[PDB]
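Trainee: Provided below: coords_24.cif, containing mmCIF, C-alpha atoms.
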```cif
data_work
#
loop_
_atom_site.label_atom_id
_atom_site.label_comp_id
_atom_site.auth_asym_id
_atom_site.auth_seq_id
_atom_site.Cartn_x
_atom_site.Cartn_y
_atom_site.Cartn_z
CA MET A 7 0.32 14.29 0.20
CA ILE A 8 -1.91 11.87 2.10
CA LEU A 9 -2.48 8.14 1.90
CA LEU A 10 -4.69 6.49 4.49
CA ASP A 11 -5.87 8.72 7.34
CA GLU A 12 -8.84 9.78 9.48
CA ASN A 13 -10.44 11.60 6.53
CA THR A 14 -10.38 8.53 4.32
CA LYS A 15 -13.82 7.32 3.20
CA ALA A 16 -13.42 4.27 1.00
CA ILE A 17 -15.44 2.15 -1.36
CA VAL A 18 -14.74 -1.44 -2.33
CA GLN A 19 -15.02 -2.26 -6.06
CA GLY A 20 -15.87 -5.95 -6.47
CA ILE A 21 -17.41 -6.00 -3.00
CA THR A 22 -19.82 -8.86 -3.74
CA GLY A 23 -17.10 -11.24 -4.94
CA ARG A 24 -15.71 -13.86 -2.56
CA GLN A 25 -12.40 -12.07 -1.94
CA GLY A 26 -13.97 -8.63 -1.86
CA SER A 27 -16.68 -9.67 0.59
CA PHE A 28 -14.30 -11.44 2.95
CA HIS A 29 -11.76 -8.65 2.99
CA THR A 30 -14.50 -6.06 3.42
CA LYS A 31 -15.40 -7.92 6.63
CA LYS A 32 -11.78 -7.82 7.83
CA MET A 33 -11.38 -4.15 6.88
CA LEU A 34 -14.50 -3.29 8.85
CA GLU A 35 -13.22 -5.30 11.83
CA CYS A 36 -10.10 -3.17 12.17
CA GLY A 37 -12.12 0.04 12.00
CA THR A 38 -11.74 1.00 8.36
CA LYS A 39 -14.20 3.62 7.17
CA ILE A 40 -15.73 1.67 4.27
CA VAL A 41 -18.67 3.79 3.13
CA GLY A 42 -19.81 1.78 0.13
CA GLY A 43 -19.26 -0.97 -2.40
CA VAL A 44 -19.67 -1.27 -6.16
CA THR A 45 -20.93 -4.18 -8.23
CA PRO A 46 -23.02 -3.73 -11.40
CA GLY A 47 -26.53 -5.08 -10.89
CA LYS A 48 -26.23 -5.33 -7.11
CA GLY A 49 -27.23 -1.74 -6.41
CA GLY A 50 -29.32 -1.32 -3.27
CA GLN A 51 -27.94 -4.45 -1.60
CA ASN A 52 -25.45 -4.55 1.25
CA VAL A 53 -22.38 -6.59 2.11
CA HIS A 54 -21.62 -6.86 5.81
CA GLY A 55 -23.72 -3.73 6.27
CA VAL A 56 -21.95 -1.74 3.57
CA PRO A 57 -24.34 -0.32 0.92
CA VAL A 58 -23.76 -1.52 -2.64
CA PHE A 59 -24.10 0.75 -5.69
CA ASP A 60 -24.16 -0.17 -9.38
CA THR A 61 -21.43 2.33 -10.26
CA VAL A 62 -18.62 4.32 -8.67
CA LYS A 63 -20.25 7.59 -9.73
CA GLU A 64 -23.41 6.72 -7.77
CA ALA A 65 -21.35 5.58 -4.80
CA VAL A 66 -19.27 8.77 -4.71
CA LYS A 67 -22.43 10.84 -4.98
CA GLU A 68 -24.12 9.42 -1.89
CA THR A 69 -20.98 8.92 0.21
CA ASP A 70 -18.30 11.42 -0.88
CA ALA A 71 -15.82 8.52 -0.97
CA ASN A 72 -12.23 9.64 -1.67
CA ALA A 73 -10.55 6.23 -1.83
CA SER A 74 -11.17 2.85 -3.42
CA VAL A 75 -9.81 -0.65 -3.05
CA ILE A 76 -10.25 -2.84 -6.09
CA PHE A 77 -10.78 -6.63 -6.01
CA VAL A 78 -12.27 -6.87 -9.55
CA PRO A 79 -11.05 -9.87 -11.65
CA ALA A 80 -8.09 -9.17 -13.94
CA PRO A 81 -10.02 -8.97 -17.23
CA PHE A 82 -12.19 -6.17 -15.82
CA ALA A 83 -9.77 -4.38 -13.50
CA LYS A 84 -8.62 -1.73 -15.96
CA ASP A 85 -12.18 -0.53 -16.53
CA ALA A 86 -12.74 -0.46 -12.77
CA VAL A 87 -9.66 1.73 -12.24
CA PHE A 88 -10.70 4.11 -15.05
CA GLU A 89 -14.17 4.24 -13.45
CA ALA A 90 -12.65 5.29 -10.13
CA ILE A 91 -10.36 7.84 -11.82
CA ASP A 92 -13.26 9.23 -13.94
CA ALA A 93 -15.26 9.67 -10.71
CA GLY A 94 -12.67 11.79 -8.93
CA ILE A 95 -11.30 9.24 -6.45
CA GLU A 96 -7.82 10.26 -5.30
CA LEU A 97 -6.46 7.06 -3.76
CA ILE A 98 -6.95 3.78 -5.62
CA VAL A 99 -5.55 0.54 -4.21
CA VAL A 100 -5.51 -2.22 -6.82
CA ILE A 101 -5.26 -5.65 -5.16
CA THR A 102 -5.92 -7.69 -8.28
CA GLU A 103 -3.17 -9.95 -9.61
CA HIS A 104 -2.45 -10.86 -13.23
CA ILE A 105 -3.83 -7.71 -14.82
CA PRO A 106 -2.47 -7.59 -18.40
CA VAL A 107 0.51 -5.23 -18.30
CA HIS A 108 -0.81 -3.08 -21.13
CA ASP A 109 -4.00 -2.56 -19.10
CA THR A 110 -1.98 -1.48 -16.08
CA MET A 111 0.17 0.82 -18.17
CA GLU A 112 -3.02 2.52 -19.37
CA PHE A 113 -4.47 3.24 -15.92
CA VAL A 114 -1.12 4.09 -14.35
CA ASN A 115 -0.54 6.64 -17.15
CA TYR A 116 -4.03 8.16 -16.81
CA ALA A 117 -3.73 8.37 -13.02
CA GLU A 118 -0.30 10.02 -12.99
CA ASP A 119 -1.41 12.74 -15.38
CA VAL A 120 -4.52 13.47 -13.30
CA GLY A 121 -2.55 13.40 -10.02
CA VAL A 122 -4.31 10.34 -8.60
CA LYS A 123 -2.41 7.88 -6.39
CA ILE A 124 -2.40 4.27 -7.60
CA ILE A 125 -1.12 1.67 -5.13
CA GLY A 126 -0.38 -1.57 -6.96
CA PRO A 127 -1.51 -3.53 -8.82
CA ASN A 128 -0.68 -6.95 -7.31
CA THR A 129 -0.27 -5.45 -3.85
CA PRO A 130 -1.66 -6.41 -0.44
CA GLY A 131 -2.37 -2.69 -0.17
CA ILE A 132 -1.97 -0.25 2.68
CA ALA A 133 -2.48 -0.60 6.43
CA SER A 134 -2.46 2.05 9.15
CA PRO A 135 -3.46 0.53 12.55
CA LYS A 136 -4.83 3.83 13.80
CA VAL A 137 -7.52 3.99 11.09
CA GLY A 138 -7.74 0.59 9.40
CA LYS A 139 -6.54 -0.81 6.08
CA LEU A 140 -7.29 -0.85 2.36
CA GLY A 141 -6.50 -4.34 1.20
CA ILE A 142 -5.52 -7.67 2.69
CA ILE A 143 -2.61 -6.96 5.05
CA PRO A 144 -2.95 -9.12 8.22
CA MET A 145 -3.53 -6.72 11.11
CA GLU A 146 -2.41 -9.44 13.51
CA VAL A 147 1.24 -8.58 12.78
CA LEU A 148 0.83 -4.81 13.31
CA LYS A 149 0.10 -2.58 16.28
CA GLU A 150 -0.20 1.22 16.43
CA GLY A 151 3.15 2.96 16.36
CA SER A 152 5.59 5.22 14.56
CA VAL A 153 7.37 2.91 12.13
CA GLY A 154 6.54 3.41 8.46
CA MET A 155 7.06 0.36 6.26
CA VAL A 156 7.31 0.18 2.47
CA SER A 157 7.86 -3.02 0.50
CA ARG A 158 7.22 -4.66 -2.87
CA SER A 159 6.90 -8.21 -1.54
CA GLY A 160 4.19 -10.20 0.17
CA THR A 161 5.00 -12.78 2.83
CA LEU A 162 8.42 -11.29 3.63
CA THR A 163 6.77 -8.03 4.69
CA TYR A 164 4.64 -9.86 7.23
CA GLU A 165 7.57 -11.88 8.57
CA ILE A 166 9.39 -8.60 9.12
CA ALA A 167 6.34 -6.83 10.50
CA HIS A 168 5.92 -9.77 12.90
CA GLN A 169 9.49 -9.47 14.18
CA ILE A 170 9.05 -5.69 14.56
CA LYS A 171 5.88 -6.07 16.60
CA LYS A 172 7.32 -8.93 18.71
CA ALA A 173 10.22 -6.62 19.58
CA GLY A 174 7.71 -4.06 20.84
CA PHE A 175 7.43 -1.55 18.00
CA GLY A 176 4.30 -0.21 16.31
CA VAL A 177 3.61 0.84 12.73
CA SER A 178 2.25 4.13 11.40
CA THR A 179 1.57 3.02 7.83
CA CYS A 180 2.63 -0.12 5.97
CA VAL A 181 2.48 0.16 2.15
CA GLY A 182 3.06 -2.46 -0.48
CA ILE A 183 3.92 -0.90 -3.84
CA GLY A 184 3.04 -4.06 -5.75
CA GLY A 185 4.92 -6.87 -7.44
CA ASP A 186 4.13 -6.25 -11.09
CA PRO A 187 6.57 -4.80 -13.66
CA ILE A 188 4.54 -1.60 -13.94
CA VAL A 189 2.98 -0.19 -10.78
CA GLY A 190 1.79 3.17 -9.48
CA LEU A 191 3.49 4.79 -6.50
CA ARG A 192 7.12 3.71 -6.13
CA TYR A 193 9.53 3.77 -3.17
CA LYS A 194 10.32 7.46 -3.68
CA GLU A 195 6.69 8.57 -3.55
CA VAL A 196 5.99 6.51 -0.44
CA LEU A 197 9.18 7.75 1.27
CA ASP A 198 8.18 11.35 0.48
CA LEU A 199 4.75 10.69 1.99
CA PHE A 200 6.44 9.17 5.08
CA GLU A 201 8.63 12.28 5.36
CA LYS A 202 5.51 14.46 5.59
CA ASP A 203 3.62 12.06 7.87
CA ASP A 204 3.77 13.21 11.49
CA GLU A 205 2.80 9.70 12.63
CA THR A 206 6.01 8.33 11.10
CA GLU A 207 9.29 8.68 13.01
CA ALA A 208 11.40 5.98 11.37
CA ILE A 209 11.15 4.05 8.12
CA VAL A 210 11.79 0.40 7.31
CA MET A 211 12.31 -0.05 3.57
CA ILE A 212 12.13 -3.66 2.42
CA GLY A 213 13.48 -4.70 -0.95
CA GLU A 214 14.85 -7.75 -2.70
CA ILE A 215 17.07 -8.65 -5.63
CA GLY A 216 16.09 -7.59 -9.12
CA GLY A 217 14.98 -4.31 -10.63
CA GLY A 218 16.33 -0.88 -9.82
CA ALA A 219 13.53 0.43 -7.62
CA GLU A 220 15.66 0.50 -4.47
CA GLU A 221 18.55 2.13 -6.33
CA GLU A 222 16.28 4.88 -7.64
CA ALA A 223 14.87 5.59 -4.17
CA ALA A 224 18.41 5.88 -2.76
CA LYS A 225 18.71 9.29 -4.44
CA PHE A 226 15.75 10.57 -2.42
CA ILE A 227 16.92 9.00 0.83
CA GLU A 228 20.00 11.19 0.68
CA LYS A 229 17.93 14.27 1.49
CA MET A 230 15.45 12.72 3.90
CA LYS A 231 15.26 13.98 7.46
CA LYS A 232 13.76 10.81 8.95
CA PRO A 233 15.95 7.73 9.60
CA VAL A 234 15.67 4.87 7.13
CA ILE A 235 16.48 1.22 7.85
CA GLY A 236 16.98 -0.83 4.71
CA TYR A 237 16.63 -4.60 4.34
CA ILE A 238 17.17 -6.50 1.10
CA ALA A 239 16.00 -10.09 0.83
CA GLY A 240 17.92 -12.70 -1.15
CA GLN A 241 21.48 -11.92 -0.03
CA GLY A 261 20.35 -5.48 -9.44
CA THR A 262 21.99 -7.72 -6.83
CA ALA A 263 21.31 -7.63 -3.08
CA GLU A 264 24.83 -6.30 -2.52
CA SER A 265 24.36 -3.57 -5.13
CA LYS A 266 21.17 -2.43 -3.39
CA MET A 267 22.65 -2.55 0.11
CA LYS A 268 25.63 -0.46 -1.07
CA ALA A 269 23.43 2.15 -2.72
CA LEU A 270 21.30 2.40 0.41
CA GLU A 271 24.27 2.64 2.76
CA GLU A 272 25.92 5.33 0.65
CA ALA A 273 22.64 7.28 0.70
CA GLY A 274 22.59 7.33 4.50
CA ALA A 275 20.20 4.49 5.21
CA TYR A 276 21.07 2.04 8.00
CA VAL A 277 21.34 -1.41 6.44
CA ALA A 278 20.03 -4.41 8.35
CA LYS A 279 21.98 -7.50 7.32
CA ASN A 280 19.46 -9.88 8.87
CA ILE A 281 15.83 -9.34 9.76
CA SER A 282 16.86 -9.61 13.42
CA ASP A 283 18.88 -6.40 12.97
CA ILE A 284 15.80 -4.35 12.18
CA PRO A 285 14.40 -4.29 15.72
CA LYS A 286 17.89 -3.62 17.12
CA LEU A 287 18.27 -0.54 14.93
CA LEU A 288 14.74 0.62 15.80
CA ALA A 289 15.62 0.34 19.50
CA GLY A 290 18.63 2.57 18.88
CA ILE A 291 16.61 5.08 16.86
CA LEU A 292 13.32 5.14 18.77
CA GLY A 293 14.45 3.81 22.14
#
```
Take the structure I supplied and represent it as structure tokens, if you would.

Mentor:
Amino acid sequence: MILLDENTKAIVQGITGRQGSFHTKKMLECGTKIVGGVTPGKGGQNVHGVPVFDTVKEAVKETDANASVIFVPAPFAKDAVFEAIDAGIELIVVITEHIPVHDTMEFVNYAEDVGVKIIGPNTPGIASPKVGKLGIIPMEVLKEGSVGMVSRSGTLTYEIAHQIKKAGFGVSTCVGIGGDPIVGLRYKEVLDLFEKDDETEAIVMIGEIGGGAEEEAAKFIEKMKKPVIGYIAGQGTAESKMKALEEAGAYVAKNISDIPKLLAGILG
């Protein structure tokens, strides 16, 4: 029951690509333990000091990596995820957008049976100020703290994170579950992980209209020990989600400005 922590040793698949190289630089800059990269035919090289391997198996061998962040283009992403799963990697963050849904369904199914954690696809990833990030989340809007954040949106999450930080609060772990129709870990799994994360004292759950992801997580919130603040953008409907969250015991923020106010009441 662990996501990103001090024991994380990650590899970057698609490390030589433009996006992979740039984000590897930014991940290194915030202290992320990136121990290797993978790009067929680039073995032996290095990107921003990180050693490149031709395959995940080779990379895992020399580094004992237990996590991977994937930037591989959509047509080749499924094979990259299977490669990471085949190699024993337990946490796989899939940044790539536009992966054919049947491809995603295949790797999400394989991973769940094996017990691997897939974050995404089409997600900015995960960020934990204390140890770094796996993905593209802007660390400028986060500072070390005890607020756990889970969302399935992009920009909105940063706007909210910005307001939270400006109000003086820090984040333990921020996780984006992804914006595609089929994804890996859902709200419930992330909330469960937050419940068992000593670094997390309060949770900010960000949703929006459409789907039933928030409604399904409401069931779990009912038995959670840690306080949950819920915010739904776009006020299946926003009202339906706010009602389900409120009935489950979550504290519903009507406006983003209410989130820091509730955190002040909960955390001081």

Trainee: Could you name the residues that touch residue 270 of chain A at 9 Å or less, counting all atoms listed in the file, but leaving out those on the same chain fewer than 4 positions away, as a PyMOL selection string?

Mentor: chain A and resi 220-221+223-225+227-228+235-236+265-266+274-277

Trainee: Pull the closest atom pair for each residue of segment 195-238 of chain A that gets at most 12 Å from segment 110-128 of chain A, along with the distance in Å to one decimal, counting only C-alpha atoms, ordering rows by chain and then ascending residue number, as a Markdown table.

Mentor:
```
| residue | atom | partner | partner_atom | distance |
| --- | --- | --- | --- | --- |
| A:195 | CA | A:123 | CA | 9.6 |
| A:196 | CA | A:125 | CA | 9.8 |
| A:199 | CA | A:123 | CA | 11.4 |
```

Trainee: Which residues fall under the PyMOL selection byres ((chain A and resi 22) around 10) in this file, as JSON, numbers by chain?

Mentor: {"A": [18, 19, 20, 21, 23, 24, 25, 26, 27, 28, 30, 43, 44, 45, 46, 48, 51, 52, 53, 54, 58, 77, 78]}

Trainee: Which residues, named as in the file, does the PyMOL selection byres ((chain A and resi 160) around 12) pick out? Answer as an MDAnalysis selection string.

Mentor: chainID A and resid 101 128:132 142:144 156:159 161:167 180:186 212:214 239

Trainee: I need the chosen residues saved as a short mmCIF file (atom, residue, chain, number, x, y, z; two decimals), keeping the file's coordinate frame, with C-alpha atoms.

Mentor:
```
data_model
loop_
_atom_site.label_atom_id
_atom_site.label_comp_id
_atom_site.auth_asym_id
_atom_site.auth_seq_id
_atom_site.Cartn_x
_atom_site.Cartn_y
_atom_site.Cartn_z
CA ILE A 101 -5.26 -5.65 -5.16
CA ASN A 128 -0.68 -6.95 -7.31
CA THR A 129 -0.27 -5.45 -3.85
CA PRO A 130 -1.66 -6.41 -0.44
CA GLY A 131 -2.37 -2.69 -0.17
CA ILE A 132 -1.97 -0.25 2.68
CA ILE A 142 -5.52 -7.67 2.69
CA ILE A 143 -2.61 -6.96 5.05
CA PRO A 144 -2.95 -9.12 8.22
CA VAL A 156 7.31 0.18 2.47
CA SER A 157 7.86 -3.02 0.50
CA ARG A 158 7.22 -4.66 -2.87
CA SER A 159 6.90 -8.21 -1.54
CA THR A 161 5.00 -12.78 2.83
CA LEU A 162 8.42 -11.29 3.63
CA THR A 163 6.77 -8.03 4.69
CA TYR A 164 4.64 -9.86 7.23
CA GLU A 165 7.57 -11.88 8.57
CA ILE A 166 9.39 -8.60 9.12
CA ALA A 167 6.34 -6.83 10.50
CA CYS A 180 2.63 -0.12 5.97
CA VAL A 181 2.48 0.16 2.15
CA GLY A 182 3.06 -2.46 -0.48
CA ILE A 183 3.92 -0.90 -3.84
CA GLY A 184 3.04 -4.06 -5.75
CA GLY A 185 4.92 -6.87 -7.44
CA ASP A 186 4.13 -6.25 -11.09
CA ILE A 212 12.13 -3.66 2.42
CA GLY A 213 13.48 -4.70 -0.95
CA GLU A 214 14.85 -7.75 -2.70
CA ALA A 239 16.00 -10.09 0.83
#
```

Trainee: A:91, A:210, A:80, A:97: which is nearest residue 109 of chain A, counting only C-alpha atoms?

Mentor: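 So, comparing all the options, the nearest one is A:80.
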
Trainee: Please give the centre and size of the box around segment 198-212 of chain A (axis-aligned, containing every atom listed in the file, 6 Å added per side), with values in Å to one decimal and written as AutoDock Vina command-line options.

Mentor:
```
--center_x 7.6 --center_y 5.4 --center_z 6.7 --size_x 21.5 --size_y 30.1 --size_z 24.5
```

Trainee: Will you give me segment 213-238 of chain A, written with N, CA, C and O atoms and laid out as a compact mmCIF listing (two decimals), in the first residue's frame?

Mentor:
```
# COMPACT_ATOMS: atom_id res chain seq x y z
N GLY A 213 -13.23 16.69 -8.16
CA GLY A 213 -13.94 16.00 -9.22
C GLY A 213 -14.53 17.01 -10.17
O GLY A 213 -14.17 18.20 -10.15
N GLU A 214 -15.43 16.55 -11.02
CA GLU A 214 -16.10 17.41 -11.98
C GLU A 214 -17.32 16.66 -12.47
O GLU A 214 -17.55 15.52 -12.10
N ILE A 215 -18.13 17.31 -13.30
CA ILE A 215 -19.32 16.65 -13.79
C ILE A 215 -18.97 15.49 -14.71
O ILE A 215 -17.87 15.43 -15.27
N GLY A 216 -19.90 14.55 -14.84
CA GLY A 216 -19.69 13.41 -15.71
C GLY A 216 -19.09 12.21 -15.02
O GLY A 216 -18.27 12.34 -14.12
N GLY A 217 -19.51 11.02 -15.46
CA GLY A 217 -19.01 9.80 -14.87
C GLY A 217 -19.62 9.52 -13.52
O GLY A 217 -20.48 10.27 -13.04
N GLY A 218 -19.18 8.44 -12.89
CA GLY A 218 -19.69 8.08 -11.58
C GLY A 218 -18.56 7.73 -10.64
O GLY A 218 -18.75 7.04 -9.64
N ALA A 219 -17.36 8.21 -10.97
CA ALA A 219 -16.18 7.94 -10.16
C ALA A 219 -16.30 8.50 -8.75
O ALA A 219 -15.94 7.82 -7.78
N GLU A 220 -16.78 9.74 -8.64
CA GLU A 220 -16.92 10.36 -7.32
C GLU A 220 -17.99 9.65 -6.51
O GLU A 220 -17.83 9.44 -5.30
N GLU A 221 -19.07 9.27 -7.18
CA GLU A 221 -20.17 8.57 -6.51
C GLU A 221 -19.74 7.22 -5.96
O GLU A 221 -20.18 6.81 -4.89
N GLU A 222 -18.88 6.53 -6.70
CA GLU A 222 -18.39 5.23 -6.27
C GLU A 222 -17.42 5.36 -5.10
O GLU A 222 -17.36 4.47 -4.25
N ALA A 223 -16.66 6.45 -5.05
CA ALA A 223 -15.71 6.64 -3.96
C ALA A 223 -16.43 7.05 -2.67
O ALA A 223 -15.92 6.84 -1.57
N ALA A 224 -17.61 7.64 -2.82
CA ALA A 224 -18.40 8.08 -1.67
C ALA A 224 -18.66 6.94 -0.69
O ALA A 224 -18.70 7.15 0.53
N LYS A 225 -18.83 5.73 -1.22
CA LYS A 225 -19.07 4.55 -0.39
C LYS A 225 -17.91 4.33 0.58
O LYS A 225 -18.11 4.01 1.75
N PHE A 226 -16.70 4.49 0.06
CA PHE A 226 -15.49 4.29 0.83
C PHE A 226 -15.28 5.42 1.84
O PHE A 226 -14.83 5.19 2.96
N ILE A 227 -15.60 6.64 1.44
CA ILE A 227 -15.43 7.79 2.32
C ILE A 227 -16.20 7.62 3.62
O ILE A 227 -15.76 8.08 4.68
N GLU A 228 -17.33 6.94 3.54
CA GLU A 228 -18.16 6.72 4.71
C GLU A 228 -17.42 6.08 5.87
O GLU A 228 -17.72 6.35 7.03
N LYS A 229 -16.45 5.22 5.57
CA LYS A 229 -15.72 4.55 6.63
C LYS A 229 -14.33 5.08 6.89
O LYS A 229 -13.60 4.55 7.73
N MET A 230 -13.95 6.14 6.18
CA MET A 230 -12.62 6.72 6.38
C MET A 230 -12.48 7.43 7.71
O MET A 230 -13.43 8.02 8.21
N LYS A 231 -11.28 7.38 8.26
CA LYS A 231 -10.99 8.04 9.52
C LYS A 231 -10.53 9.48 9.27
O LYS A 231 -10.85 10.38 10.03
N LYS A 232 -9.77 9.68 8.19
CA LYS A 232 -9.27 11.02 7.87
C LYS A 232 -10.32 11.89 7.20
O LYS A 232 -11.13 11.41 6.40
N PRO A 233 -10.32 13.19 7.51
CA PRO A 233 -11.26 14.17 6.95
C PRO A 233 -11.08 14.36 5.45
O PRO A 233 -9.96 14.46 4.96
N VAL A 234 -12.19 14.41 4.74
CA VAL A 234 -12.17 14.62 3.30
C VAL A 234 -12.92 15.87 2.88
O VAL A 234 -14.08 16.07 3.27
N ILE A 235 -12.26 16.74 2.12
CA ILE A 235 -12.90 17.94 1.59
C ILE A 235 -13.16 17.61 0.13
O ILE A 235 -12.26 17.16 -0.57
N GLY A 236 -14.40 17.82 -0.31
CA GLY A 236 -14.71 17.53 -1.71
C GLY A 236 -15.02 18.78 -2.51
O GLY A 236 -15.68 19.69 -2.01
N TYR A 237 -14.53 18.85 -3.75
CA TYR A 237 -14.80 19.99 -4.61
C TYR A 237 -15.12 19.45 -5.98
O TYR A 237 -14.34 18.66 -6.52
N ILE A 238 -16.25 19.87 -6.53
CA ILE A 238 -16.68 19.42 -7.85
C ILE A 238 -16.74 20.61 -8.79
O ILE A 238 -17.47 21.58 -8.55
```
